Each structure stands twice: as C-alpha cells, then as structure tokens.
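Undergrad: What would the 3D arrangement of this be:
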Amino acid sequence: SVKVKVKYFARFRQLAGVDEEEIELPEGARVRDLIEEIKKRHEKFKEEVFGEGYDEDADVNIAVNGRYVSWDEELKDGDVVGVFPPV
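TA: Numbering: from 1, shown residues only. The structure is reproduced below:
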C-alpha cells in the first residue's frame, strides 16, 4: 500500500467535507488513480474537471509535494497531494 496525504483547498474543502485526508492506494498507484479515488469517496468531484499539470481552464489542479506532475506520475508512500482551484 501507498498512503498519501491529500490537502484540499478553497471550495474543495466543502466538496470533500474535510480539509485533508489520508488515502491508502494499491501498490503502483499513479496520480490518475488517486483522482479516481477522490471522485469515488466524494461524488461531488465527479462533475469537476481535473487538469493535468498546470491548467487554468480546469476546475481542479493538483500538486505532489509542491510540484505539478503528469497523471501517470507514480505516487510514493508519504507523498502530499494538494487539490486546489488553478492558481
């Protein structure tokens, strides 16, 4: 298992119902798998468009340990993933 700390920002704190949450993912999990799991846990995210890396046209951008990454970036145990409106 890979356990990541997800930090939600701004209106996504209301959609998630928490400011942060730990998400355990199977071995080999990628950023795209984490996005699917967020949507599974919190159905209000299904309708939100996630961008890949920096994308001002998306509803949501993510960063892993402070960095924009691809959807196929492999997550590591202890990674911190921010979920935020595009900067």
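
Undergrad: the strands in this protein, which residues?
TA: 2-8, 20-25, 61-64, 80-84 (DSSP state E).

Undergrad: relative to strand 2-8, how tilted is the last one?
TA: It refers to strand 80-84. 30 degrees (axes from the mean of the first three to the mean of the last three CA atoms, to 10 degrees).

Undergrad: tell me the angle of strand 80-84 relative to strand 20-25?
TA: 120 degrees.

Undergrad: How about the longest one?
TA: In this structure, strand 2-8 runs at an angle of 150 degrees to strand 20-25, with the same axes, to 10 degrees as the basis.

Undergrad: what comes into contact with strand 2-8?
TA: Contact with strand 2-8 is made by 15-16, 18-27, 29, 34, 38, 75-84, as judged by CB atoms under 8 Å, 6 or more residues apart in numbering. All C-beta atoms are positioned from the backbone trio N, CA, C, and that covers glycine.

Undergrad: before we move on, the earlier item: could you save the strands of the chain as a markdown table and add columns showing distance to residue 51?
TA: Below are the strands of the chain laid out as a markdown table (distance: least, CB to CB, whole Å):
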| stretch | distance to residue 51 |
| --- | --- |
| strand 2-8 | 16 |
| strand 20-25 | 19 |
| strand 61-64 | 5 |
| strand 80-84 | 11 |
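
Undergrad: Relative to residue 49, which of these is closest?
TA: Residue 49 lies closest to strand 61-64 among these, at 10.2 Å (CB to CB).

Undergrad: quick one: contacts of that closest one?
TA: Contacts of strand 61-64 (CB under 8 Å, 6+ apart): 31, 35, 50-51, 53-55, 68-69, 73, 75, 79-87.

Undergrad: what's the burial count for residue 22?
TA: Residue 22 has 8 neighbours, counted by other CB atoms under 10 Å.

Undergrad: Please read the previous query as pertaining to residue 24.
TA: Counted with other CB under 10 Å, the neighbours of residue 24 add up to 11.

Undergrad: now do the one 4 residues further on
TA: As a burial measure, residue 28 scores 9 neighbours (other CB under 10 Å).

Undergrad: Likewise for the one 10 residues further on?
TA: The local packing of residue 38 (other CB under 10 Å) involves 24 other residues.
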